[PDB]
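Here is the structure we will look at, set down as structure tokens.
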Amino acid sequence: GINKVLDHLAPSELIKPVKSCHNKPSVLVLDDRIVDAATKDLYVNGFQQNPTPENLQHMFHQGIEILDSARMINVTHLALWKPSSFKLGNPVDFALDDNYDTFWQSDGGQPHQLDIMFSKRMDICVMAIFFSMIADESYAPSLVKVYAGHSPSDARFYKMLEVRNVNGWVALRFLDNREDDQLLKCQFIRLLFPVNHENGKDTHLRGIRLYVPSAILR
Amino acid sequence: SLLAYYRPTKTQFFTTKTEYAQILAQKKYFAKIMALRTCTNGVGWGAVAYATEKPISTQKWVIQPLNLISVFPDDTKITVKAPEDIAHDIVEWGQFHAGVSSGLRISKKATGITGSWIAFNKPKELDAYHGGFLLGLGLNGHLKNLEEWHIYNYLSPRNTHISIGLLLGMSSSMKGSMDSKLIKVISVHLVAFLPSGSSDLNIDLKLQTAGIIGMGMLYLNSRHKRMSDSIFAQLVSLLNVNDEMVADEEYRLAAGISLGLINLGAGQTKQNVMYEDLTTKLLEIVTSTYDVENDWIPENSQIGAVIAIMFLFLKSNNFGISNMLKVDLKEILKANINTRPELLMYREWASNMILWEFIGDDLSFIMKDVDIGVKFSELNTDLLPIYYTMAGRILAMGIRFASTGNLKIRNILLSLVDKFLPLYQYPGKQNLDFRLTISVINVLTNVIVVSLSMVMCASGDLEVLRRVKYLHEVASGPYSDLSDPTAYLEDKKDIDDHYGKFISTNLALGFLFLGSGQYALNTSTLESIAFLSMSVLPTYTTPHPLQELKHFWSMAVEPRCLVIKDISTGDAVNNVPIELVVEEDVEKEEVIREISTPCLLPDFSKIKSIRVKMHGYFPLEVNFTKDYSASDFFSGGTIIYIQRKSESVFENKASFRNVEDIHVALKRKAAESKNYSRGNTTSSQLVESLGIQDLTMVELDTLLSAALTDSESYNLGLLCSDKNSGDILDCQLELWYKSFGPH
């Protein structure tokens with residue numbers, strides 16, 4: 001029994017099929033001009049001239065309630081946040097306030113970092129980010145890389161995000177890491193914004209949310 | 001040859017492709033990887049050469065600069081340049097490591113190393129080498145009282161490495177004298193301990209971590225309240241860098257080891273009120289569960305708290321404290337679990353060391369209460385805690401049996417490393433759940449090889465060397481076979497992973513051959529385990545926190561090499577069998593251990609008697625009673641001398657008491673003929689030719705020459721009737737000749 005469990009913890013010859021990984025970082029396509037079942041799963045607001053900001057503020061809301069319509073638990077306020085640097089105008093609260101009009105702006109080095117470090121082990125399943133190509137083209141996030149890990153020590157690359165044209169909420173559920181669980185299990189998540197559109201300098205963040213699974217009297 | 005650094009390094013490359021440009025890229029990648037190896041050979045070279053070279057004082061020291069140039073079997077040399085090929089910080093970090101090894105190479109007892117000597121050896125241009133050299137001398141215990149004249153000269157530049165070297169080395173030389181003129185230097189250096197409200201002065205964070213560890217190790221066994229409470233606040237509080245609040249895991253780990261070392265051995269209490277208050281405060285830190293992350297008590301302080309509760313109750317055998325530190329796998333695997341999983345390995349390693357009597361030597365102790373208990377046997381994040389469970393238990397297992405040697409533990413570690421080796425650095429399905437799990441596999445396999453090297457220390461074992469050679473060579477990883485800043489960071493993660501994978505195998509290589517194999521670690525004195533435990537800290541993951549502390553096992557290294565010398569000649573004699581009496585590391589009675597002459601005997605306190613037996617020199621056997629230990633007997637020196645037996649003609653007057661076995665006689669004649677190949681030329685032959693071999697017979701023949709007075713007549717008769725003697729019949733037969741022979 002001692003040997004057989006050690007083999008289960010340490011499967012030597014069972015696991016490695018051929019050792020022939022491509023080792024390239026997989027790139028995720030975010031374009032909203034092509035209609036597909038997989039894209040519809042990750043892109044919620046639906047594929048569509050540029051809408052006026054009031055439609056953008058409008059569509060900002062149904063994307064919120066549609067994401068909140070399904071059976072889901074929001075723990076966006078259940079963790080500590082620490083961006084790369086402030087600009088003394090708007091902290092990350094205006095990014096997490098679920099308001100399109102308000103937003104958070106960083107100011108500092110070009111590779112901006114946004115830290116989302118958790119207190120307890122919570123298994124995140126759906127990653128929600130809102131982008132506004134036309135409202136914030138100057139500070140639009142063009143290049144996104146999401147990390148994963150159990151601590152600031154062991155942060156590791158998870159996924160690639162190239163931004164070409166997204167005016168809407170982006171849903172990011174995780175299936176590569178665990179096909180059995182269809183969710184991500186980490187305590188430490190950090191985001192990098194190394195470059196913006198049309199060679200931008202700084203970057204806003206209109207919306208951000210975190211999703212995990214599990215008449216009246218006054 | 002495998003560990004040497006001051007030379008081009010031999011490389012082997014897979015390059016499972018045919019394209020020339022692709023082959024060059026992999027060779028460059030391997031060159032960058034081998035460049036990492038050269039930087040991190042500092043840990044290995046320090047242990048290989050501990051006290052080999054001796055100083056001449058007048059002679060000037062020299063430090064070989066890092067070569068980091070790789071050579072392929074094709075002999076197409078590829079040379080690594082900074083910062084184009086590797087991270088810039090890595091190259092002088094390896095220089096700093098090499099400097100420490102060079103500084104540590106000087107023996108502890110060497111004299112003439114005053115404050116002027118280091119200034120005499122100053123390169124007139126501060127760099128990483130001199131900072132390491134400064135650390136090495138202070139680490140060895142030479143900077144007892146360094147003059148204030150050139151302390152400012154060294155500290156005037158804001159260079160981190162030199163300041164790091166000075167603070168650690170200078171504190172290590174004094175090591176617990178609580179001197180004010182030195183403690184204030186760190187107090188100025190540490191920003192948080194500086195008076196509140198003062199304008200911030202730019203001090204590098206790594207320098208503060210260097211200052212805090214030097215200062216805590218300055219306060220060894222002080223049990224000192226007005227500093228210990230300030231340290232506890234320092235661990236909990238928050239720091240300031242670049243005018244913005246920051247929380248550092250490195251500093252809090254440095255603070256935790258600092259507090260634990262200052263109050264080392266202060267937990268054996270049955271002062272207790274404040275010790276109990278500090279104990280419960282630490283347990284609140286380690287056991288608190290926060291649904292919402294508090295800013296000023298993050299999980300970064302968890303490691304420091306565990307390593308603080310580590311050293312307070314070290315070797316205390318307090319069951320309850322271990323229990324509230326020990327974590328049960330059965331309960332946690334059912335739950336979702338909380339906190340960083342890396343805390344678990346520290347926590348279990350904490351519990352195991354508290355009970356410094358129950359460290360099991362069997363695989364059952366390692367595998368205790370572990371089961372996958374799930375259908376999905378694929379490598380998944382859910383089963384990390386058992387891996388960290390494994391690492392903590394084996395690390396306590398290895399440190400417990402440090403340098404004592406064994407077979408069962410070695411075989412168990414051999415089986416474990418054999419099983420876990422193939423999985424190592426295998427990015428097959430690029431999945432982060434898989435990637436995080438196999439990163440823990442890399443951490444786990446780094447712990448197993450280190451611990452396996454720990455227990456078999458200074459032995460020059462074959463298979464242990466065989467495995468650590470494997471983990472040494474071949475980068476493996478994503479490349480080979482088995483947006484610009486982003487690719488830089490993507491390459492930065494892989495290059496840092498290779499650096500952490502190399503420091504473990506290097507440390508294992510050095511400990512296998514410690515001090516040319518004649519020096520062994522100490523686990524007898526209480527503080528020795530403290531230095532052993534701190535230096536063996538696994539920080540192999542990024543950003544490799546607190547790396548300069550790897551060169552600190554040096555306090556625990558000593559002789560325990562035994563050799564035999566002759567007295568009359570005064571020269572060494574070797575290759576004589578030595579029988580040893582030991583306790584088998586258990587309560588068993590005894591086992592006879594036969595070893596060669598230049599061999600490392602076990603700990604002196606566990607030895608009861610030792611005897612030397614060999615054909616020739618007469619035997620010498622000493623038994624150690626309770627009154628005197630082997631340590632006290634060997635206190636004057638680890639060498640015992642033996643007296644030569646004499647093959648004298650006078651010894652064999654008439655009869656041979658010696659057995660004179662045919663085989664040894666033939667061996668002696670062959671040995672003599674070997675010298676003769678390479679006769680009455682010996683004075684013994686002369687005295688034999690004189691016919692005066694029999695001392696007594698000659699004397700009585702002179703005496704009887706003439707008489708035969710009654711008194712002397714009874715004297716010879718008494719000699720004739722002796723109870724025991726030699727040529728009695730010869731004496732009897734002379735007196736008969738004298739009495740009644742021809743005349």
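Ligands are numbered from 1 in the order shown, residues from 1 within each chain, and chains are lettered A, B, ... in the order they appear in the structure tokens.
For chain A, the residues within 6 Å of chain B are residues 10, 12, 19, 21, 23, 78, 79, 80, 119, 120, 121, 150, 153, 176 and 177 of chain A, with only C-alpha atoms used to measure distance.
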message: Give me the residues near region 44-59 of chain A as a PyMOL selection string, where near means some atom within 6 Å (using only C-alpha atoms) and where sequence neighbours in that chain fewer than 6 positions away do not count.
response: chain A and resi 32+100+168
Taking C-alpha atoms for each residue, export the selection above as a JSON list (two decimals), in the first residue's frame.
[["chain", "number", "residue", "atom", "x", "y", "z"],
["A", 32, "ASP", "CA", -16.00, 40.50, -32.30],
["A", 100, "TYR", "CA", -18.91, 52.91, -16.70],
["A", 168, "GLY", "CA", -17.96, 45.23, -24.28]]
task: Apply DSSP to the backbone of this structure and, from region 13-217 of chain A, keep only the residues in strand (DSSP E or B); write these as an MDAnalysis selection string.
output: chainID A and resid 27:29 43 73:74 79:83 104:105 112:118 126:131 141 143:149 156:162 168:173 188:193 196 204:205 207:212
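Interatomic distance, CA of residue 207 (chain B) against CA of residue 506 (chain B): 25.1 Å.
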Within 9 Å of residue 27 (chain A) using only C-alpha atoms, minus same-chain residues under 5 positions, as JSON, numbers by chain: {"A": [159, 160, 161, 162]}
task: With a distance cut-off of 10 Å and only C-alpha atoms, select the neighbouring residues of residue 7 (chain B), excluding the residue or stretch itself and same-chain residues fewer than 5 positions from it, and output the selection as an MDAnalysis selection string.
output: chainID B and resid 1 38 64:71
statement: Pairwise distance, CA of residue 147 (chain A) with CA of residue 188 (chain A), equals 8.3 Å
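Here CA of residue 497 (chain B) and CA of residue 425 (chain B) stand 9.7 Å from one another.
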Can you tell me, as a compact mmCIF listing (two decimals) with N, CA and C atoms, in the first residue's frame, what residues are no more than 12 Å from region 661-672 of chain B when counting only C-alpha atoms, ignoring any on the same chain fewer than 3 positions away?
# COMPACT_ATOMS: atom_id res chain seq x y z
N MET B 614 47.07 -3.94 14.21
CA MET B 614 47.71 -4.16 12.92
C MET B 614 49.04 -4.86 13.15
N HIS B 615 49.46 -5.65 12.17
CA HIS B 615 50.66 -6.46 12.30
C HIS B 615 51.88 -5.56 12.37
N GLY B 616 52.61 -5.63 13.47
CA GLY B 616 53.67 -4.66 13.68
C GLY B 616 53.46 -3.88 14.96
N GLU B 647 61.78 -5.21 16.42
CA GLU B 647 62.26 -6.53 16.03
C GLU B 647 63.73 -6.57 16.40
N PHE B 656 61.68 -18.35 20.87
CA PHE B 656 60.76 -17.38 20.29
C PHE B 656 59.40 -17.53 20.96
N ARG B 657 59.02 -16.52 21.74
CA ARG B 657 57.65 -16.48 22.24
C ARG B 657 56.67 -16.17 21.11
N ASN B 658 57.15 -15.55 20.04
CA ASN B 658 56.30 -15.21 18.91
C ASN B 658 55.89 -16.48 18.16
N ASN B 675 62.64 -3.77 -0.86
CA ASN B 675 63.61 -2.73 -0.56
C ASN B 675 65.01 -3.14 -1.01
N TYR B 676 65.37 -4.40 -0.81
CA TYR B 676 66.69 -4.88 -1.23
C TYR B 676 66.84 -4.82 -2.74
N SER B 677 65.78 -5.19 -3.47
CA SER B 677 65.82 -5.08 -4.93
C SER B 677 65.93 -3.63 -5.37
N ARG B 678 65.21 -2.74 -4.70
CA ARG B 678 65.26 -1.32 -5.02
C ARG B 678 66.61 -0.72 -4.62
- prompt: Quick one: DSSP alpha helix (DSSP H) residues in region 362-462 of chain B, as a PyMOL selection string?
  reply: chain B and resi 363-367+384-400+408-420+432-455+462
- prompt: Within 7 Å of residue 114 (chain A), counting only C-alpha atoms, which residues qualify if same-chain residues fewer than 3 places away don't, as an MDAnalysis selection string?
  reply: chainID A and resid 82:84 190:192
field: Contacts of residue 97 (chain A) at 9 Å (only C-alpha atoms; same-chain gap of 5+ positions) as JSON, numbers by chain
entry: {"A": [92, 102, 103, 207, 208]}
Take the selection from the previous step and output its residues with N, CA and C atoms, as a short mmCIF file (atom, residue, chain, number, x, y, z; two decimals), in the first residue's frame.
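New file selection18.cif:
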data_model
loop_
_atom_site.label_atom_id
_atom_site.label_comp_id
_atom_site.auth_asym_id
_atom_site.auth_seq_id
_atom_site.Cartn_x
_atom_site.Cartn_y
_atom_site.Cartn_z
N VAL A 92 -8.36 52.12 -7.64
CA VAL A 92 -9.03 50.98 -8.25
C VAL A 92 -10.49 50.86 -7.84
N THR A 102 -17.18 56.18 -14.20
CA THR A 102 -15.96 56.24 -13.41
C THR A 102 -15.02 55.10 -13.80
N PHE A 103 -13.73 55.33 -13.61
CA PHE A 103 -12.71 54.36 -13.99
C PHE A 103 -11.45 54.64 -13.19
N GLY A 207 -14.24 48.46 -16.06
CA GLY A 207 -14.94 47.49 -15.24
C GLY A 207 -14.09 46.27 -14.99
N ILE A 208 -14.34 45.61 -13.87
CA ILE A 208 -13.63 44.40 -13.49
C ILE A 208 -14.48 43.65 -12.48
#
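Distance annotation: of B:241, B:546, B:374, B:512, the residue with the minimal separation from residue 9 (chain A) is B:374; atom set is only C-alpha atoms.
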